[PDB]
Amino acid sequence: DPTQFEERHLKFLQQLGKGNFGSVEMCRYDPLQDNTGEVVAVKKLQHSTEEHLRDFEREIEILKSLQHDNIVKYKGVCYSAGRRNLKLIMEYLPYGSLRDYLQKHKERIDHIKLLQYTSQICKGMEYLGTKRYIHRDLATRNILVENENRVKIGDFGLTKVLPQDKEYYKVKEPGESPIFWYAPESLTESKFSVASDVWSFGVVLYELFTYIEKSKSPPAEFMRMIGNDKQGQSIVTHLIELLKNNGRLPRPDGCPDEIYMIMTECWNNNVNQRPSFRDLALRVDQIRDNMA
Ligand SMILES: COc1cc(-c2ccc(O)cc2)cc2cnc(Nc3cnn(C)c3)nc12
């Protein structure tokens, strides 16, 4: 009954985000037509092909199986008659993405606060790992802000389930890929694992401590390091060679030494040497404790 949402009762309120394959809208589920209904986040496909609907149904099952304080809450699904188009209903987190929230308030969010968000992201990621899911798209644009004290991981659109017998998932024909957040083995061999999500987490830590200063973004900085003249496939070729030669994002201005050390450990070329999310949450909570 409650996880079953009638499409005719969903009132469009505003556009929240546009993705690779779909979009997120803020809607009011109002089966009384008196504007007293619940506000929800609705994800739908812009191009609802057979393949996209199959991947979207997988994302829906992934989200429904996760129950953690730092993972967006699944609410339900809408089904259309005939071709069976799907809408994913979720809780609406009113402060928007962490990227936009941090870009808006900048240094008004102190290091203690950025570390509280860091800890929350590690715990969400650690929990994800227990289900053998690989996020593949961890970035501040995919983290949502519930309120000043809580962030949650969103956009499971690229998420993969590890096979029973392997610790990595190989993507045979990649679609749009966030290469500036990718581990070297993800760029070279299209292999994704808990360890490549740890690499991404290091880029998220970098994002947080740059306060989303446009000129300092991972695409602007990697582009500067490989040369702005690089285009299309040549960018991937030069990024791989850069990472292999220990080219890395710089320390963000005013970033504490203990935090920058964590980023650099996440960015190890040796997959086995990268820290675990269980250890990261422990280390971050110790740093917050020392800071307090
Ligand atoms: C892209 O935005 C969102 C994405 C998802 C999402 C999508 C797919 C998925 O598997 C899991 C979560 C959920 C969202 C929930 N609440 C908001 N709120 C918001 C956004 N902007 N502003 C101003 C308030 N945004 C959300």
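All ligand and atom numbering here is 1-based and tracks the order in the structure. We're numbering straight along the sequence, starting at 1. Just the heavy atoms: all of them, side chains too, but no hydrogens, waters or symmetry mates, feed the values below.
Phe21 has its ring centre no less than 6.0 Å from the ring centre of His47. Ring to ring, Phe277 and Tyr127 are not that close: their centroids are 6.0 angstrom or more apart. Aromatic ring centroids of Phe5 and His9 lie 6.0 Å or more apart.
Counting protein heavy atoms only, atom 11 (C) of ligand 1 is closest to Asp155 N, 3.2 Å. Scanning all protein heavy atoms for the shortest distance to atom 26 (C) of ligand 1 gives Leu144 CD1, 3.4 Å. Nearest protein heavy-atom contact of atom 4 (C) of ligand 1 is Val24 CG2, 3.8 Å. Closest to atom 16 (N) of ligand 1 among all protein heavy atoms lies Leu93 N, 3.1 Å.
In summary, of the residues considered (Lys75, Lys11, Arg28), a salt bridge (charged side-chain N to carboxylate O under 4.0 Å, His left out) with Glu38 occurs for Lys75 alone. For the pairing with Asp110, the side chain to side chain contact (heavy atoms under 4.5 Å, CB included) check across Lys113, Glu107, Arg108 returns one residue only, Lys113.
Among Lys18, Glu91, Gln15, the residue whose heavy atom sits closest to atom 15 (C) of ligand 1 is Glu91. Of all the listed residues (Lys43, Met90, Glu146), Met90 holds the heavy atom that lies closest to atom 6 (C) of ligand 1.
Of the inter-residue distances, the one linking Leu243 atom CG with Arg248 atom CZ reads 5.5 Å to the nearest 0.5 angstrom.
Those atoms of ligand 1 that come under 4.0 Å of a heavy atom in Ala41, given as number and element, are 14 (C), 15 (C), 16 (N). Close approach of ligand 1 to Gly96 (heavy-atom distance below 4.0 Å) involves ligand atoms 19 (C), 20 (C), 21 (N), 22 (N), 23 (C), 24 (C).
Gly254 and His111 get closest at one heavy-atom pair: O-CE1, 3.2 Å.
In terms of polar-atom proximity, defined here as any N/O pair under 3.5 Å, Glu59 does make such a contact with ligand 1.
Look at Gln14 and you'll find every heavy atom at least 4.0 Å from all atoms of ligand 1.
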